[PDB]
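Colleague: I would like the atomic coordinates for the input below:
(one chain, ligands or ions: 2)
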Amino acid sequence: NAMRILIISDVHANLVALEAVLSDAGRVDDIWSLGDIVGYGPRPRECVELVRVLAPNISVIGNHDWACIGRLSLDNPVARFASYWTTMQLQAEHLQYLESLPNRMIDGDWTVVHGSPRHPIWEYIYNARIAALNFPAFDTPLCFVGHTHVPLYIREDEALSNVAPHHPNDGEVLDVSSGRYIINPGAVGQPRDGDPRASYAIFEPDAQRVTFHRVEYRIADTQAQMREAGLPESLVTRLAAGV
Ligand SMILES: [Zn+2]
Ligand SMILES: [Zn+2]
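Modeller: Residues are numbered from 1 along each chain as shown. Ligands and ions are numbered 1, 2, ... in the order given. Next up is the structure itself:
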């Protein structure tokens, strides 16, 4: 009866971090993707292929996915960009899948977007001000968001009274029994909170509980794969620092 649901966001073509998360998560009944499957990392095809199969119910588009659907005809100094490189990795099947994705899913007690329910693809939620503007923008008890690459939770009354959002620790259990919440699982593939571990959440709707998790992964291996692809050193280094 009770389900256990893996919620992930911002994989960013980091296959090693995604595989580390999948093994870490354990027995799960469903997997939800909040977008940004590609961009930055060395394995965009493999990450799209995985997310496609694993997230049949909730898989929303991120801003990097939406950017990379862009076709370009390039007869050249532009070939230096990591954004351009990502686009060139995608084959028909990956493009078709990304093109199919909704920017918003509403099902039962939850709304899921990449950025914010006001601006699904684009808007970051990282303070009370913006959280407050977003609570009227969804009509379910819960809204799941990504895009900042930092795990986060805030209740509606806190946001409306300008109380700062919470940055959950590894293993932190959040009781979502009462009141409405905006919840961010952090990034699987490019965390930005100074903790280089991959980030995800586990949602158990029957228990009314969200648990936040971090998992170490082999950053050296993703870094090796990026250097092999000729990706810029500034992107390679960030991953060790979690910035
Ligand atoms: Zn992202
Ligand atoms: Zn983003």
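Colleague: Now residue 151: closest residue in space, sequence neighbours ignored.
Modeller: Leaving aside its chain neighbours, residue 151 sits nearest to residue 186 (3.4 Å; criterion: CB to CB, 6 or more residues apart in numbering). Backbone N, C-alpha and C define where each C-beta goes, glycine included.
Colleague: Residue 30 now?
Modeller: residue 5 (4.9 Å).
Colleague: In contact with the one you found, which residues?
Modeller: Counting by CB atoms under 8 Å, 6 or more residues apart in numbering, residue 5 touches 28-32, 202-205.
Colleague: buried stuff in whichever strand or helix holds residue 221?
Modeller: Take DSSP states H and E as the rule and residue 221 turns out to sit in helix 219-229. Buried residues in helix 219-229, counting neighbours by 16 or more other CB atoms under 10 Å, are found at 219, 221-223, 225-226, 229.
Colleague: Residue most distant from the centroid, the chain?
Modeller: Farthest-out residue of the chain from its mean C-alpha position, per CA atoms, centre = their mean: residue 75, at 33.8 Å.
Colleague: For the closest residue to residue 66 other than its chain neighbours, grab the count of nearby residues.
Modeller: Nearest non-adjacent residue to residue 66, counting by CB to CB, 6+ apart: residue 121, 5.8 Å away. Neighbour count of residue 121, defined by other CB atoms under 10 Å: 21.
Colleague: follow-up on the earlier one: Throw the buried residues of helix 219-229 into a markdown table and include distance to ligand 2, thanks.
Modeller: As requested, these are arranged in a markdown table below (distance: CB to the ion, whole Å):
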| residue | distance to ligand 2 |
| --- | --- |
| 219 | 20 |
| 221 | 23 |
| 222 | 18 |
| 223 | 21 |
| 225 | 21 |
| 226 | 18 |
| 229 | 21 |
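Colleague: quick revisit: got the contact list for the residue nearest to residue 151?
Modeller: So residue 186 contacts 9-10, 149-152, 193, 199-201, 212, 214 (CB under 8 Å, 6+ apart).
Colleague: just residue 43 next, same as before
Modeller: 13-16, 225.
Colleague: what do you get if the cut-off is 10 Å, keeping everything else the same?
Modeller: 11-19, 49-50, 89, 189, 222, 225-226, 229 (CB atoms under 10 Å, 6 or more residues apart in numbering).
Colleague: ok, so of the buried residues of helix 219-229, who is nearest residue 85?
Modeller: Checking these against residue 85 by CB to CB gives residue 229 as the nearest, at 7.0 Å.
Colleague: The closest one touches residue 45, doesn't it?
Modeller: No - assessed by CB atoms under 10 Å, residue 229 is found out of contact with residue 45, at 11.9 Å.
Colleague: Which residues of this protein lie near ligand 1?
Modeller: Selection of the chain residues close to ligand 1 by CB under 5 Å from the ion yields 10, 36.
Colleague: Now name the helix or strand holding the residue in the chain positioned nearest to ligand 2.
Modeller: Per CB to the ion, residue 147 is where the chain lies closest to ligand 2, at 4.0 Å. Counting by DSSP H and E, no helix or strand carries residue 147.
Colleague: and stretch 120-132, how far apart are its ends?
Modeller: Start-to-end span of stretch 120-132 (CA to CA, to the nearest Å) is 16 Å.
Colleague: same question, stretch 37-45
Modeller: 9 Å.
Colleague: Any idea how far that stretch is from the middle of the chain?
Modeller: Centroid separation for stretch 37-45 versus its chain: 13 Å, with CA atoms, centre = their mean, to the nearest Å.
Colleague: Same check on stretch 120-130?
Modeller: Mean-position distance between stretch 120-130 and its chain equals 14 Å (CA atoms, centre = their mean).
Colleague: Use 13 as the first number from now on
Modeller: New numbering, starting at 13: the last item is stretch 132-142.
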